[PDB]
Amino acid sequence: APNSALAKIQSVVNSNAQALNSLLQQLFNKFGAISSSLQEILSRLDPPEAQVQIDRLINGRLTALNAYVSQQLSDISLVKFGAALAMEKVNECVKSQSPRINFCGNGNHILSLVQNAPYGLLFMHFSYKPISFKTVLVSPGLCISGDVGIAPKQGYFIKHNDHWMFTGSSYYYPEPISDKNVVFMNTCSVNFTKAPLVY
Amino acid sequence: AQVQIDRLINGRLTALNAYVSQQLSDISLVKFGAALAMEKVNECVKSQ
Amino acid sequence: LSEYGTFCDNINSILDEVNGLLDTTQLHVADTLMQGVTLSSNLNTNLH
Amino acid sequence: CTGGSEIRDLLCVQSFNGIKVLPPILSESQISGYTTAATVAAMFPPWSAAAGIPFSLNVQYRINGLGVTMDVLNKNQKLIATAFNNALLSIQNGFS
Amino acid sequence: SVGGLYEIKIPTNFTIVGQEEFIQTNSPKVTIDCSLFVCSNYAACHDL
Ligand SMILES: *[C@@H]1O[C@H](CO)[C@@H](O)[C@H](O)[C@H]1NC(C)=O
């Protein structure tokens, strides 16, 4: 179907073909001379004034090459930026998973794979997508026992069966509070929920 | 008058080409700055 | 100028491509700001 | 540019010579709405742009990640908050 | 926060979604014979 990446690859090919066609069309521009054909100039006009008309064509064609070279230097700078980004995505999404949030595509990024593409690389970013949600009352921390503070690790403290338990932030699964899913603090912050009988 | 107008057209077209080449280079610096700003939003604002 | 060839068509094409990159970039920035944002419907500017 | 004003803006002279600046596809008011949504996405539940926790707790855990004990951090929450909003006011007054 | 508890929507089910991204790392290697382009076969042009 119509796809953004396939369109991006075809845009690379089409932009190159359009630039090459535009450079070829610059050979048929008169540039203020009698004709754009050097044979037509030399088959109709004598050397002293033929040299003036050929000078008009040389100026036009050298100007077209200078403009094309300036555009090509700019485009290759953008390709260097893209290739540096693609090497960085290989290193930090494919060979490993760098702790950078939206670097390897949007969403909760799990892992990435790479495939070859015309003039580049195709990255397949795989993300953890929630399907259904549950509204739940959560606490971002608790004050327990001798006023010791605890904060949940990658999750929340929830009331389940009238007990304080933990759930992971990206999947609802009540499980017991332990040192595995908790950051300890020697003093609880104010507005941490008071749970004197926890642990 | 054609010779005079041809000199003006050559000057004005050269001026446009020079402006276009500068504008391409400046927009490359703006793409790099925008990519850095998106990276700073992602890695300083939405997360650390 | 018409006898000069497709010089203006090239200048328009380059500036339109540059302006298309600026528009595309502003969408990537706006997308990056909005990515993953969830707000409550009970939010109000006047009271909170 | 079509007003009767004696003062001719140099932009009007440029536009009548074919040189004009078109507006961006999203207005700066829309982008201000997006930066406002991204900012309020850190204050209130679900805190979708603040690691899913209250903004003050995110500040506290970030300061503790530098090597600051949590004890002084949750004892000095008000001083940390006033330092934070004074740094905000210092940025605001720095444009004058 | 009612008591000390906030309301959050936590996922109860999930899936894996895939997203493509093409990154251009290469371009066609254009070579121009500037002499053949500017002056073709013609010695009168090459001298100038
Ligand atoms: C999760 O979603 C899939 C697809 O709708 C469904 O097959 C599965 O039974 C669901 N599981 C739960 C626990 O809801």
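Below, chain A is the first sequence line, B the second, and so on; all start at residue 1.
Taking every heavy atom of both residues into account, D/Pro54 and A/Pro140 meet most closely at CD-CB, 3.8 Å. D/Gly52 and A/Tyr156 get closest at one heavy-atom pair: O-OH, 2.7 Å. Taking both residues in full, the closest heavy atoms of B/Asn42 and B/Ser47 are given as O-OG, 2.9 Å, listed atom of the first, atom of the second, then distance. Contact detail for A/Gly105 and A/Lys89: the closest heavy-atom pair is N-NZ, 4.3 Å. Of all heavy-atom pairs between A/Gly107 and C/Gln35, the closest is N-NE2, 3.3 Å. Looking at every heavy atom in both residues, B/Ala34 comes nearest to C/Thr25 through CB-CG2, 3.2 Å.
The line from OG1 of E/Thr12 to CZ of A/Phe133 is 8.5 Å long, rounded to the nearest 0.5 Å. With rounding to the nearest 0.5 angstrom, the CD atom of A/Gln71 is 10.0 Å from the CD1 atom of A/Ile76. A distance of 6.0 Å separates NZ of A/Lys180 from OG of A/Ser178, quoted to the nearest 0.5 Å. Between atom CD of residue C/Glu17 and atom CG of residue C/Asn19 there is a gap of 9.5 Å, rounded to the nearest 0.5 Å. The CG atom of C/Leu21 sits 9.0 Å away from the CG atom of B/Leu24 when rounded to the nearest 0.5 Å. Distance check: A/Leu137 CG to A/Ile158 CD1 gives 10.0 Å after rounding to the nearest 0.5 Å.
With a 4.5 Å cut-off on side-chain heavy atoms, C/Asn42 and D/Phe44 do not count as touching. At least one side-chain heavy atom of E/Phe37 sits under 4.5 Å from a side-chain heavy atom of A/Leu65. Looking at A/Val12 and A/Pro118, their side chains never come closer than 4.5 Å, going by heavy atoms from C-beta outward. By the 4.5 Å heavy-atom criterion applied to side chains, A/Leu113 and A/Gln115 are not counted as neighbours. With contacts defined as side-chain heavy-atom distances shorter than 4.5 Å, the pair C/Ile11/B/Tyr19 does not qualify. Looking at heavy atoms from C-beta onward, B/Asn10 lies out of side-chain contact with A/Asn59 at the 4.5 angstrom threshold. Within the 4.5 Å cutoff, side-chain heavy atoms of A/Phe31 are placed close to those of A/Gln26. Looking at heavy atoms from C-beta onward, A/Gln97 lies in side-chain contact with A/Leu111 at the 4.5 angstrom threshold.
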Evaluate the criterion side-chain contact (heavy atoms from CB on, under 4.5 Å) for residue pair D/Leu26 and D/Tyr34; output intermediate values, then yes/no. CA-CA 11 Å; D/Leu26 306 174; D/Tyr34 302 158; 4.2 Å; yes

Please evaluate residues A/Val138 and E/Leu5 with respect to the criterion side-chain contact (heavy atoms from CB on, under 4.5 Å), reporting the C-alpha separation (whole Å), side-chain torsions for both, the decisive distance (0.1 Å), and the verdict. CA-CA 5 Å; A/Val138 308; E/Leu5 291 84; over 6 Å; no

Which is it for A/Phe192 and A/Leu142 under the side-chain contact (heavy atoms from CB on, under 4.5 Å) test, yes or no, and what are the steps along the way? CA-CA 5 Å; A/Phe192 267 16; A/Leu142 297 177; 5.6 Å; no

Before you tell me yes or no, could you show the steps for C/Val29 and B/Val41 under side-chain contact (heavy atoms from CB on, under 4.5 Å), namely the whole-Å CA-CA distance, both residues' side-chain angles and the distance that decides it to 0.1 Å? CA-CA 9 Å; C/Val29 172; B/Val41 171; over 6 Å; no

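Under a cut-off of 6.0 angstrom, the local environment of NZ in A/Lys159 is crowded, with over 12 non-hydrogen atoms contributed by other residues, nucleotides or ligands. Residue-environment remark: CD (A/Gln154) stays at or below the threshold of 12 foreign heavy atoms within 6.0 Å. In the displayed structure, D/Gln92 atom CD is contacted under 6.0 Å by more than 12 heavy atoms of other residues, nucleotides or ligands. For CD of E/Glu7, the number of neighbouring non-hydrogen atoms (other residues, nucleotides, ligands) closer than 6.0 Å is 12 at most. Around the CG atom of B/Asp6, the shell of radius 6.0 Å holds more than 12 heavy atoms that belong to other residues, nucleotides or ligands. Around atom OH of A/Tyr119, no more than 12 heavy atoms belonging to other residues, nucleotides or ligands sit under 6.0 Å away. Atom OH of A/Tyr199 has 12 or fewer heavy atoms from other residues, nucleotides or ligands within 6.0 Å. The number of heavy-atom neighbours closer than 6.0 Å to CG of A/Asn186, taken from other residues, nucleotides and ligands shown, is 12 or below.
A donor-acceptor contact closer than 3.5 angstrom links the side chains of A/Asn21 and A/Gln25. Side-chain atoms of A/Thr63 and B/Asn17 form no donor-acceptor pair, as typed in the model, at a separation below 3.5 Å. Using modelled atom types, one finds no donor on one side chain facing an acceptor on the other under 3.5 Å when comparing E/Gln19 with A/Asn106.
Within the 3.5 Å criterion, the main-chain N or O of A/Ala19 finds no donor-acceptor partner in the side chain of A/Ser22. A donor-acceptor pair is defined here as one N or O able to donate and one able to accept, closer than 3.5 Å; no such pair exists between the side chain of A/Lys129 and the backbone of A/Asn108. A distance-only check finds no donor-acceptor pair linking the side chain of A/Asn181 to the backbone of A/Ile177 [under 3.5 Å]. Judged by distance alone, the side chain of B/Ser25 and the main-chain N or O of A/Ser74 form no donor-acceptor pair under 3.5 Å. Without hydrogens or angle criteria, D/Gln77 side chain to D/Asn74 main chain gives no donor-acceptor distance under 3.5 Å. Judged by distance alone, with hydrogens and angles left aside, the side-chain atoms of A/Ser98 form no donor-acceptor pair with the main-chain N or O of A/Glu92 at under 3.5 Å. Between the side chain of A/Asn161 and the main chain of A/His163, no donor-acceptor pair closer than 3.5 Å is present. Side-chain N or O atoms of A/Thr135 include none that pairs as donor or acceptor with a backbone N or O of E/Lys9 at under 3.5 Å. At least one donor-acceptor pair closer than 3.5 Å links the side chain of D/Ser27 to the backbone N or O of D/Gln30. Put simply, the side chain of C/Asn44 gets close to the backbone of C/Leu47: a donor and an acceptor are under 3.5 Å apart.
Relative to the ring axis of E/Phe22, A/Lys8 does not place its NZ or CZ within 45° and under 6.0 Å from the centre.
A salt bridge does not link A/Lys153 with A/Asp179: none of the charged nitrogens is closer than 4.0 Å to a carboxylate oxygen. Between A/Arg100 and A/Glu88 a salt bridge is recorded (basic side-chain N to carboxylate O distance below 4.0 Å).
Each of D/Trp47, D/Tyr61, D/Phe84 was evaluated against D/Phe55; a single residue qualifies, D/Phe84, per the ring pair (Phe, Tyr, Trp, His ring centres under 6.0 Å) test. Of the candidates A/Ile144, A/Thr193, A/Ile150, A/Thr193 is the only one forming a side chain to side chain contact (heavy atoms under 4.5 Å, CB included) with A/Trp164.
In this view, A/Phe28 satisfies the ring-ring contact (aromatic ring centres under 6.0 Å, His included) rule with no residue, not counting sequence neighbours.
Using bins of under 30°, 30° to 60° and over 60° for the plane-to-plane angle, the ring pair A/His125/A/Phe123 lands in the parallel bin.
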